[PDB]
Amino acid sequence: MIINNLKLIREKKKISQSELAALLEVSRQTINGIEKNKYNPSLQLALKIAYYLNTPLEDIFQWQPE
């Protein structure tokens with residue numbers, strides 16, 4: 001389904017997971033865990049990630065509407 005790949009998006013600007021996680025208000029381990037296939041971020045949080053990260057939601061988490 002949804003492909004979690006913030007790190008690519010974040011690392012695009014060389015954004016730190018730690019700072020980003022601070023931006024998200026969530027633990028870094030969890031955020032980097034999601035790419036690894038851990039349960040994707042919540043409805044608002046994904047929106048926040050796009051907002052905090054400043055990137056389309058699709059790039060960070062391509063919904064892949066199956």
# chains A, B, ... in the order shown; residues from 1 in each chain; ligands from 1
$ select_by_dssp --residues "region 12-58 of chain A" --states "alpha helix (DSSP H)" --output "ChimeraX atom specification"
/A:12,17-24,28-35,43-53,57-58
$ closest_atom_pairs --of "region 2-26 of chain A" --to "region 53-66 of chain A" --cutoff "9 Å" --atoms "only C-alpha atoms" --output "tab-separated table"
residue	atom	partner	partner_atom	distance
A:2	CA	A:63	CA	4.5
A:3	CA	A:62	CA	5.4
A:4	CA	A:61	CA	4.7
A:5	CA	A:60	CA	5.1
A:6	CA	A:60	CA	4.3
A:7	CA	A:60	CA	7.8
A:8	CA	A:60	CA	7.7
A:9	CA	A:60	CA	5.9
A:10	CA	A:53	CA	6.8
A:15	CA	A:53	CA	8.3
A:20	CA	A:53	CA	7.2
A:23	CA	A:53	CA	8.5
A:24	CA	A:53	CA	8.9
$ write_last_selection --atoms "N, CA and C atoms" --output "PDB file, in the first residue's frame"
ATOM      1  N   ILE A   2       0.858   1.964   1.108  1.00  0.00           N
ATOM      2  CA  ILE A   2       1.547   3.218   1.263  1.00  0.00           C
ATOM      3  C   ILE A   2       3.031   2.977   1.440  1.00  0.00           C
ATOM      4  N   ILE A   3       3.834   3.688   0.678  1.00  0.00           N
ATOM      5  CA  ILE A   3       5.270   3.536   0.772  1.00  0.00           C
ATOM      6  C   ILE A   3       5.822   4.672   1.605  1.00  0.00           C
ATOM      7  N   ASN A   4       6.440   4.326   2.714  1.00  0.00           N
ATOM      8  CA  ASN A   4       6.999   5.311   3.621  1.00  0.00           C
ATOM      9  C   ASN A   4       8.446   5.555   3.280  1.00  0.00           C
ATOM     10  N   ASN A   5       8.757   6.784   2.928  1.00  0.00           N
ATOM     11  CA  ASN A   5      10.094   7.134   2.474  1.00  0.00           C
ATOM     12  C   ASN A   5      10.390   8.588   2.772  1.00  0.00           C
ATOM     13  N   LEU A   6      10.152   8.992   4.006  1.00  0.00           N
ATOM     14  CA  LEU A   6      10.464  10.356   4.412  1.00  0.00           C
ATOM     15  C   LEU A   6      11.945  10.603   4.289  1.00  0.00           C
ATOM     16  N   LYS A   7      12.704   9.650   4.739  1.00  0.00           N
ATOM     17  CA  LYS A   7      14.131   9.785   4.837  1.00  0.00           C
ATOM     18  C   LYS A   7      14.713  10.272   3.531  1.00  0.00           C
ATOM     19  N   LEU A   8      14.238   9.718   2.431  1.00  0.00           N
ATOM     20  CA  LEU A   8      14.662  10.190   1.126  1.00  0.00           C
ATOM     21  C   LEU A   8      14.249  11.639   0.955  1.00  0.00           C
ATOM     22  N   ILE A   9      13.020  11.945   1.347  1.00  0.00           N
ATOM     23  CA  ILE A   9      12.524  13.301   1.220  1.00  0.00           C
ATOM     24  C   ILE A   9      13.299  14.219   2.159  1.00  0.00           C
ATOM     25  N   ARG A  10      13.439  13.784   3.392  1.00  0.00           N
ATOM     26  CA  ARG A  10      14.145  14.549   4.403  1.00  0.00           C
ATOM     27  C   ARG A  10      15.618  14.675   4.054  1.00  0.00           C
ATOM     28  N   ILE A  15      17.814  17.026   5.823  1.00  0.00           N
ATOM     29  CA  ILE A  15      17.143  17.317   7.070  1.00  0.00           C
ATOM     30  C   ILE A  15      17.413  16.204   8.049  1.00  0.00           C
ATOM     31  N   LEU A  20      13.619  16.766  12.599  1.00  0.00           N
ATOM     32  CA  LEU A  20      12.331  16.524  11.990  1.00  0.00           C
ATOM     33  C   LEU A  20      11.396  15.870  12.994  1.00  0.00           C
ATOM     34  N   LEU A  23      10.290  18.302  15.117  1.00  0.00           N
ATOM     35  CA  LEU A  23       9.292  19.092  14.423  1.00  0.00           C
ATOM     36  C   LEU A  23       7.952  18.380  14.486  1.00  0.00           C
ATOM     37  N   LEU A  24       7.987  17.068  14.298  1.00  0.00           N
ATOM     38  CA  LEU A  24       6.764  16.274  14.259  1.00  0.00           C
ATOM     39  C   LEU A  24       6.165  16.138  15.647  1.00  0.00           C
TER      40      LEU A  24
END
$ residues_around --residues "residue 41 (chain A)" --least-positions-apart "2" --cutoff "10 Å" --atoms "only C-alpha atoms" --output "PyMOL selection string"
chain A and resi 4+26+30-31+34+38-39+43-49+61
